[PDB]
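One structure below.
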Amino acid sequence: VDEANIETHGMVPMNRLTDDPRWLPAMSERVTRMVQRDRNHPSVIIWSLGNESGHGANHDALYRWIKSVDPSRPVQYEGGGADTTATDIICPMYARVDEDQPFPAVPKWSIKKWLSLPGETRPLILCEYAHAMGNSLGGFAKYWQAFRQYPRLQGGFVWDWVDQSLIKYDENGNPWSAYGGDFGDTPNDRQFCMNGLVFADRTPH
Amino acid sequence: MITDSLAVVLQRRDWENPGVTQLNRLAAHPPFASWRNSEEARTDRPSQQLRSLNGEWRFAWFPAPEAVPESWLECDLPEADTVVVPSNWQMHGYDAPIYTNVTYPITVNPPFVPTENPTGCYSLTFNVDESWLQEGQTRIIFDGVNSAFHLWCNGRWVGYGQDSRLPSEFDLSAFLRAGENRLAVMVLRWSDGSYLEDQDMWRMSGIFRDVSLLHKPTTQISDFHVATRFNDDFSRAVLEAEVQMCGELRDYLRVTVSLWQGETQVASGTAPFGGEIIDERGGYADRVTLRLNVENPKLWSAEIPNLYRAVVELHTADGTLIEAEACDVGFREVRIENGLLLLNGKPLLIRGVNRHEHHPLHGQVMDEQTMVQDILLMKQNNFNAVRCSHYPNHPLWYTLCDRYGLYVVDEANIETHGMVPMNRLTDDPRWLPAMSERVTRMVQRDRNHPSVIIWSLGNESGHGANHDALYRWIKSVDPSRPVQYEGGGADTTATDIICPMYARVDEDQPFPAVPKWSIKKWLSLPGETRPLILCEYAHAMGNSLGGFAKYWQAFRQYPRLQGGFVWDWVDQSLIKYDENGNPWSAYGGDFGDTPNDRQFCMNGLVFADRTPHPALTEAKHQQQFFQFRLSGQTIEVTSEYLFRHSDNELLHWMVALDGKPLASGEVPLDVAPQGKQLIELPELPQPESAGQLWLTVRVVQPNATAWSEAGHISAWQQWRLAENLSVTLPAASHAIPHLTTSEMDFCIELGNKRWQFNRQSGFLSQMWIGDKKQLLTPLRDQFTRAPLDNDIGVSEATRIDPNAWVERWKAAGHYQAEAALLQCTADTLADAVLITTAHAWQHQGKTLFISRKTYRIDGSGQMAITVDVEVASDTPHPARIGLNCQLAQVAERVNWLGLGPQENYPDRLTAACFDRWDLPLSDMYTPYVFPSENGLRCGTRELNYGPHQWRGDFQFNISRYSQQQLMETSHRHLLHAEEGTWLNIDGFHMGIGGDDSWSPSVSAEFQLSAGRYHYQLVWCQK
Ligand SMILES: [Mg+2]
């Protein structure tokens, strides 16, 4: 699944960069440029405009462009709660099968519930599930049990394949993995960055 | 000092590059006017803060951008003349204006442009008040510029602007200094952006729009949005406005919205900054949403503006107000429901004329007065809807519509007629950023206005991926207005409502990949639900609007069809000065700009100056809201109006016989919208005398609306009363005509009068009175008329087209055909003398027509002519069948009984009504920029000029200019009246047409294909 190189986690509201009319030309290049280069490959089955960029007018405009230039591949966008008009298939991220937690303006429901919502027909694939950080994947069976159970649920991508760490050298020169801003870059989110199913080197968690 | 210096700034060049529309340009916002006082915004009094750079402007002109001196930016050149702004430099005559209908004037190598591009640099020196500099931000604003400009302030580079139509704002706060500040602006005729718009209009490059200076407090609201929500009842409407505040944010500061109707406020809204906790990271810091509830709010409509005044004020907590913004608010809901466009819960029938904003005297720049003058005419003429093609209108223009009445359709400033395939510029992914600015920028500026009911992405740009992407953006940013795009055949996915252009109701013509069908057929297409509105119809060029009735008849007939905008409101012409200095209108590249599309450019319903084309009256009659159906004595009136009761309408009916009215009936009119009112006449007087009774009903307004003076007439209808046939006999007269015969000529004498017929000629050369000679030229049959604009079409001597009517006639030898006498004879009735002439018109051994004419002379001496015409089936149908003569006598006034008084044609005789008519002789001729046969009148029982009386049913045009002369002349001004008056009488006349200029638009029924024709008329002295 190809992803347009747009993220705007930082901005508050997050949607502001994507939402603004002026920013559209900068936004366009990443979606537009990406399609031409990667359109040819047989393997790609999907186009994703943005990740965690929120919902903006540009995404709706951009989503329309991808369909018109290319009708071959379904387009999915996570942002806006994943219930956004732009995404062909719902991609709730970190959604819980058993239970749903809602944040005002960004409600999250159990995947079984989410398909069931009034006036919803779209197939649902999770952007992420079963976070692999540290000890992880607990209740992993439950997610998969649900996927087999429901025809509509297409399953979701696990996060994340490789823990992110950078080699560091001791005075001895032995190499120790570094998590977060070991280098002192600040503020450092530290440990959360690695998020890894398998060791970098790589070894299997 | 670099990089301020021209050489560094010029290259890399921006204009050549497709990608950068502008540099250092502030985001577009609806105008606020920046006035601190709360009252002023509600008042709408001109703001003190706003400043106008309009005035005399220093000007310099250079062939190329490289050519213009570097030194100038520091100082204005000594040589350069001072030119008023906003102005078009070409209008000034520095550079000849270039007009091209389809082709870009510059050679097409996107994105590259011709190495030498005419460049004009404007330098303005102004003094800024000290108070402005100390606090706030000051940004220069340009209402319009073309194509692209480079901005220098105080010898320092400021900005680059890529779009002429849109307003561009640059901030001068850093640049400005105490005392006078020089302003240097550079404008280039040709830009990379130029490729985007190929729309066909006279092309002028310069600053055609006002330049002003605006001052904003450091904390001010950059943009505000007004939105309306209504109940199904519409009794209660919820209005919410969102305001975004620039720069610093203070918790204490609050924004208050007040809605004022007339002099009394309806509702007030006040909010703390920020709202709604938008997902997911945070609620907007700088955005506040205010909702105001209005119940029984008046709703804006073309018939009634019904305006509210909304003031947005940002004020301190205590609190003082930092700034005030006022926006006109009209409450209307526009939505497409069930494939039918609906306004305010009522299906909309749109009568609209495409408007190009052009002035012959001032060229592209439009006087404020002109819009008002233009607006009144369209509203006066039964036009409730105006579309501007294909660029955003002057900022003032939208405001006028909202007060005045008529609906406005905004159009994005993108056209790409030139590119082949045309879709290429729009279609390409790279071009999207340039494309985006015109659609995106336009929405923000024009979104606020109540009047606009639609958004149009592009005109004639073809169908491109960008249009589909752009269409999606407009919906998402704004859901209020339906979006329609013409291109791609008008069946494109992007357009909410189909807009076929030049579509024909009766018949459909298809071009591979761009099929066109009759409008009735087009809705019917499989899997089509969209309401259809024509971008253009009833082309008004030259003689035009023929078959206009048919289009309108269809619109009423079908619920889905919403009607279409007429093209075009104003003929486009530029004033030119003779050595005498008299002003003659110029069509095409009179200036020698080439290649020139020439005549086709004007395309005008009404004269530029402006005067109304004979056609315009026809539009008014068809357009009119009221519908009249008559059965017997009873008259039934149906109201077109959706929302308005006829509070002040007066209905007057007059019944007259043979141009004389026995009775006049007037009734007050009280019909609710969609209401039907039945009116019954007092029993009509019955005339024993032979003739036809005529009933005429017209609706006039007792009290003048702002657009219309009192006693103005909205609509009229004419119905024939039961016909009267007279069996009274002319005979008998004691005097008997005596005829004297010579081999050379046939002579008939009765009393004083003498009639001469020439045997060799086969036509009667001379008619005798006194002691006088009546006609200069022998009477002859004429099968040709000066070609109409439609008949000529796109055909030219260089590039002749087989399809065009003129070509078929020319190929035919129809024009050059020479009459021969097949037979001739002279005979004497006891009471009269009868002459029979047979003429065959032969070209190349093939006879186009055979005409037989018999002249019978009464004892009274009144002369009766019966003509029989045979037309070969093979030959292209004769444009008209008539006999034309030249008369020495000249008369001040022409009196005829027939359809009047406007010139009318069989295709468009609907506007005309039958009554006795009197006009100055000059009136009969109709001025045209390009001269074609004109001034024809139809269904005339009797025609009177001077001594002569003509009795019969015929179509007559009487003018000084010969038909041969009319065809010959390039321009209207050139023609010089021939001595005497040319008179044409036609038994039958071909329909003017046409839906399309390019291809013959004439209807099948209108053409005289019968192959057999008979008409008779009487020549009577006195
Ligand atoms: Mg065009």
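Chains as they are written, first to last, in the authors' numbering: chain D, 410 to 614; chain A, 2 to 1023.
All C-beta atoms in this analysis are idealised placements derived from N, C-alpha and C, irrespective of residue type, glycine included.
For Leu214 (chain A), the first and last residue of its enclosing beta strand (DSSP E):
First-last of the beta strand (DSSP E) with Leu214 (chain A): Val212 to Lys217.
Would you decide whether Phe626 (chain A) is buried or exposed? Buried here means 16 or more other CB atoms lie within 10 Å of its CB.
Classified as buried, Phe626 (chain A) has 16 or more neighbouring CB atoms from the shown chains inside 10 Å of its CB.
Assigned exposure category for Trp585 (chain D) - 16 Cβ within 10 Å defines buried:
That one is exposed.
Identified DSSP bridge partners for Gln718 (chain A)
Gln718 (chain A) is bridged to A:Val698.
Distance, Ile534 (chain A) Cα to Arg442 (chain D) Cα
Cα to Cα, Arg442 (chain D) sits roughly 36 Å from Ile534 (chain A).
Less than 8 Å between C-beta atoms, sequence neighbours within five positions excluded: which residues of the same chain meet that for residue 1024 (chain A)?
There is simply no residue 1024 (chain A) to check, as chain A begins at 2 and stops at 1023 in what is shown.
Taking the C-alpha atoms as reference points, what is the distance between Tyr472 (chain D) and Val444 (chain D)?
In a straight line, the C-alpha of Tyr472 (chain D) is about 12 Å away from that of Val444 (chain D).
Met2 (chain A) versus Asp469 (chain D): straight-line alpha-carbon distance, rounded:
If you take the alpha carbons of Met2 (chain A) and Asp469 (chain D), they lie about 45 Å apart.
Is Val103 (chain A) near ligand 1, going by C-beta to nearest heavy atom under 7 Å?
Correct: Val103 (chain A) has its Cβ closer than 7 Å to ligand 1.
To the nearest angstrom, how far is it from the Cα of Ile498 (chain D) to the Cα of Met92 (chain A)?
In a straight line, the C-alpha of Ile498 (chain D) is about 57 Å away from that of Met92 (chain A).
Between A:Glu296, A:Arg288 and A:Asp224, which has its C-alpha nearest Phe235 (chain A)'s C-alpha?
Ranked by Cα distance from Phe235 (chain A), the options A:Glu296, A:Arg288 and A:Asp224 are led by A:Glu296.
Counting beta carbon pairs with one atom in the region 450 to 464 of chain D and one in the region 472 to 490 of chain D, are three or more of them shorter than 8 Å?
The region 472 to 490 of chain D is in contact with the region 450 to 464 of chain D.
Inside the region 884 to 963 of chain A only - alpha helix (DSSP H) runs reaching at least 4 residues:
Taking only runs of at least 4 residues, the alpha helix (DSSP H) segments lying wholly in the region 884 to 963 of chain A are 922 to 925.
Which bits of chain A does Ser477 (chain D) rub up against, with CB to CB less than 7 Å?
Going along chain A in sequence order, the residues near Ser477 (chain D) (Cβ under 7 Å) are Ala466, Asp469 and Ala470.
In chain D, what lies closer than 8 Å to residue 1035 (chain A) by C-beta?
This structure cannot settle anything about residue 1035 (chain A), because the visible part of chain A is limited to 2 through 1023.
Inter-residue spacing [alpha-carbon to alpha-carbon] between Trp717 (chain A) and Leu631 (chain A):
Using only the alpha carbons, I get a separation of about 13 Å.
Can you grab the Cα-Cα spacing for the pair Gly605 (chain A) / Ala272 (chain A), in whole Å?
Cα to Cα, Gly605 (chain A) sits roughly 51 Å from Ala272 (chain A).
Threshold first: 4 residues or longer. Then list the alpha helix (DSSP H) segments lying entirely within the region 448 to 493 of chain D, N to C.
Within the region 448 to 493 of chain D, the runs of alpha helix (DSSP H) at least 4 residues long that lie entirely inside it are, in chain order, 466 to 478.
Which value, in whole angstroms, describes the spacing of the CA atoms of residue 1 (chain A) and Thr785 (chain A)?
Outside the displayed range of chain A (2 to 1023) lies residue 1 (chain A), so it cannot be described from this structure.
To the nearest angstrom, report how far apart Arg388 (chain A) and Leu1009 (chain A) are at their CA atoms.
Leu1009 (chain A) has its alpha-carbon roughly 37 Å from the corresponding atom of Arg388 (chain A).
Tell me whether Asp201 (chain A), by its Cβ, gets closer than 7 Å to a heavy atom of ligand 1.
At least one heavy atom of ligand 1 lies less than 7 Å from the C-beta of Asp201 (chain A).
Does the distance from the CB of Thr139 (chain A) to the CB of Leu214 (chain A) come in under 8 Å?
Cβ distance < 8 Å, so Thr139 (chain A) and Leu214 (chain A) count as in contact.
Identify whether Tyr105 (chain A) lies in helix, strand or coil by the three-state DSSP scheme.
Residue state, collapsed to three classes: coil.
Residue from A:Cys76, A:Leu24, A:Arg166 and A:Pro902 whose Cα sits closest to the Cα of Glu619 (chain A):
Measuring from the Cα of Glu619 (chain A), the nearest candidate turns out to be A:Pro902.
Three-state secondary structure (DSSP) at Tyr405 (chain A)?
Three-state result, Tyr405 (chain A): helix.
Roughly how many whole angstroms lie between the Cα atoms of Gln843 (chain A) and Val870 (chain A)?
Cα to Cα, the separation comes out at about 14 Å.
Is the region 551 to 571 of chain A touching the region 939 to 951 of chain A in the sense that three or more CB pairs, one from each, lie closer than 8 Å?
In the pairwise beta carbon analysis, the region 939 to 951 of chain A is classified as not touching the region 551 to 571 of chain A: fewer than three pairs are separated by under 8 Å.
Could you tell me the alpha carbon to alpha carbon distance between residue 351 (chain D) and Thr494 (chain D), rounded to whole angstroms?
The structure shown does not extend to residue 351 (chain D), since chain D is modelled only from 410 through 614, so no value can be given for it.
Can you name the residues of chain D whose CB is closer than 8 Å to the CB of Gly283 (chain A)?
Chain-order list of chain D residues neighbouring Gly283 (chain A): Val421, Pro422 and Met423, by C-beta distance under 8 Å.
Range of the contiguous alpha helix (DSSP H) that encloses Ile520 (chain D)
Here the alpha helix (DSSP H) through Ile520 (chain D) covers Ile520 to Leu524.
Mind checking the region 299 to 327 of chain A against chain D and listing, in chain order, the residues whose C-beta falls within less than 9 Å of any C-beta there?
The region 299 to 327 of chain A vs chain D, Cβ under 9 Å: nothing.
Enumerate in chain order the residues of its own chain whose CB-to-CB distance from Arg52 (chain A) is below 8 Å, with the five nearest sequence positions on each side excluded.
Within the same chain, Cβ atoms closer than 8 Å to the Cβ of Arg52 (chain A) are found at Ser213, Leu214, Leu215 and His216, the five residues on either side in sequence being excluded.
So which residues on chain A does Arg431 (chain D) lean against when the C-beta distance must stay under 7 Å?
Among the residues of chain A, those whose CB is under 7 Å from the CB of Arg431 (chain D) are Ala28, following chain order.
If we cut at 8 Å on Cβ distances, does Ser437 (chain A) have a partner in chain D?
With respect to chain D, the C-beta atom of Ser437 (chain A) has a partner C-beta closer than 8 Å.
Which residues in chain A sit within 7 Å of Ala491 (chain D), going by Cβ to Cβ distance?
Taking a Cβ-Cβ cut-off of 7 Å, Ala491 (chain D) has no neighbours in chain A, whose nearest Cβ is about 11 Å from it.
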